[PDB]
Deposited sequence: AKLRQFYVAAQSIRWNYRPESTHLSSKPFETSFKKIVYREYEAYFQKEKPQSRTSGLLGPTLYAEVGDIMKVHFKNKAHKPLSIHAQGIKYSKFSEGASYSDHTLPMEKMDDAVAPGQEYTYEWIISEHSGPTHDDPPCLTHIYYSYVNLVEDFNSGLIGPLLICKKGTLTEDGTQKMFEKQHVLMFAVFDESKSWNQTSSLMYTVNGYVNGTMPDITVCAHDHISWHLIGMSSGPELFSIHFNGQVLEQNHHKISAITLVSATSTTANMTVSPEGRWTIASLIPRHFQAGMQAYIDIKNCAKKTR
């Protein structure tokens, strides 16, 4: 029943032309420096993970020019660790977790419990996602977002990695629209981790999907290798929708009249 630590922060960063965007970055110790990841994971934020019982603690330090927050969509949090703002009638001591001002740093404390994690008939580790609630249409679009993974007993590594499975990736078929964000910049862009038709560092094989999009949307990720096994049975392809995540050289395209015919493809 260990304890997990993270010191992810929010910061603006130019991004492939280019635009001024915001993204979540790992950072370490007491926020000295980050250890980026060029290999894919474009705009995709970190990747938070824990195991049943692990009283994890996520430290957040905002650096963007708009107040933001950490809104995990997969944990049984409390009011002072939720990450959203609405009339919940709570007192300010509990309101200072909803909105973190440009330059302040607060720590969300999530007590990921037993009856809040994987079942027994489901993957060894459930996949969820997080983003900033302070503003839903902006924050995400401005590049904010990030995978969360709740695992079972002795299934995660002591160094934050998949166990008896190892080498799982995190594709984020997520269409962006700069028209709805930081700047009034008219630019649609069906991506796959930010990267459009290409320019996405794939990775050959020695033999954890997400699907954001702010508006109504469904993604049909079609793999080209029978490695997609859902539970105890394979499926040709996987389907995702606007905010629903799921847990060699080939291509991974989405055969949909506006996804594969617009660049959305992550070559295996």
Tell me, which runs of residues in the deposited sequence have no coordinates at all?
17-30, 222-227, 268-275, 297-306
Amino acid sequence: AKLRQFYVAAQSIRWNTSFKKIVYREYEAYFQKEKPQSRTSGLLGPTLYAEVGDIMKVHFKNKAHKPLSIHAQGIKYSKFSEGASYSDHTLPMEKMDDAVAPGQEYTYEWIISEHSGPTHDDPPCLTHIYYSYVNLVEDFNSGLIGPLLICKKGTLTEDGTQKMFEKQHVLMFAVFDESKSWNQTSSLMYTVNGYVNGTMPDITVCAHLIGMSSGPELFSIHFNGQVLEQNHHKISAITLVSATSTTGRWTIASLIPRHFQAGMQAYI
From here on, numbers count along this sequence of modelled residues.
Comparing 132-140 with 183-191, the higher average Cα temperature factor in the PDB entry belongs to 183-191
Mean CA temperature factor from the deposited coordinates, higher in 99-107 or in 161-169?
161-169
Of the residues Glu51, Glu217, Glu26, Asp202, the one whose Cα carries the largest B-factor in the deposited record is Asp202
Highest-ranked of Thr239, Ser69, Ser242, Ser38 once sorted by CA temperature factor in the record
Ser38
Entry-reported C-alpha B-factor of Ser213 relative to its chain, by third, is lowest
Divide the modelled residues of the chain into thirds by Cα B-factor and specify which third, lowest, middle or highest, holds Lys57.
lowest
In terms of the chain's CA B-factor thirds, is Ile22 lowest, middle or highest?
lowest
Which third, lowest, middle or highest, does the C-alpha temperature factor of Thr246 belong to within its own chain?
lowest
Split the chain's modelled residues into thirds by Cα B-factor; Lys153 lands in the highest
